[PDB]
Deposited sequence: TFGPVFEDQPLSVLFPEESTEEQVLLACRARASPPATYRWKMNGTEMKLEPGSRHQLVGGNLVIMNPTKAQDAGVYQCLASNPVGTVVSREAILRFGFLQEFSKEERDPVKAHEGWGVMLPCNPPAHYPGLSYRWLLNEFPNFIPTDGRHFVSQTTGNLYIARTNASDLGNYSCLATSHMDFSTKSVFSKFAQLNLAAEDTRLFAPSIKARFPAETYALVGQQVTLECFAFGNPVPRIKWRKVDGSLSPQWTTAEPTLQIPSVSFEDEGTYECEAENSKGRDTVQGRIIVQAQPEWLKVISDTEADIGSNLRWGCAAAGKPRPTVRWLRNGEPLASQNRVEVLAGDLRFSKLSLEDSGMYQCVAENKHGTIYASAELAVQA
């Protein structure tokens, strides 16, 4: 006979607001002898799963009836125990995917001058997760092309023109698109009128008005997009370097791509520059983990775990899914479990828990003290 070994664990779920399914599963199972009983935790609080209930346990599996952001969004964790002891699953995040439509309330007039640079605000509906942004001239689907006189941000979704013309006269609408697992959804706004008053004849050294953060935090492998677009006359040219498009794309980052990046808006009259720093981070991943150990009574044990990733993660310890700190019999150091002479009250499940700002991983094993 033996203690619980996880055969499947809950993974984070993006339940789309809408949906046909009137429920949401969070999987969990463990092989154990005798058969393993299950418990659940939400946001750190334990779950009441009861008879005539809405939070239903189906043999290890958590099934939540009619889920809502306002009631169900959060962090869930499975707990698998039997006479031998408890182990705890990875945390799974339950999030809700939605996109509202723009207000049927008309847009604020945005009037500028010909030759002047002008920004048109998207100001988009409530949404999760992040969106694509395109803009529309007069009708649908009459798209604005991104060419250098035009720029649509993928943060704010605001349209930018560096210099206005006679060709830019018309009505404008922001089209927000959400991409999720089984559905794309595009919503667009009421049409704002761009009025263009008397032509300015003057020239302006470029001013960057679409910047990118002082610092940008990304994981290894992530796509990275820094935005840099500038007002100016004549139409400024975007230049990038490490210390020719307005957005610098990094298809998959390695650690080398860390450092200060510089954007140069430069027309013939001057140059505006902007500097930001990319920090390359990484998830905790298991370098070494504890194994099911069979030990004699009164013996000693050197147990250990270590994890990679930036920043260097912190190794916790759990006994039967309970925060373990150093105590009479047991010694604790970062990722080290030293048993100063074993008792039978040690025969249980143990886990090491490595974690940083980016994630928390788990590794478990059974201790069996024998005579």
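Positions of the deposited sequence absent from the coordinates form one stretch: 244 to 253.
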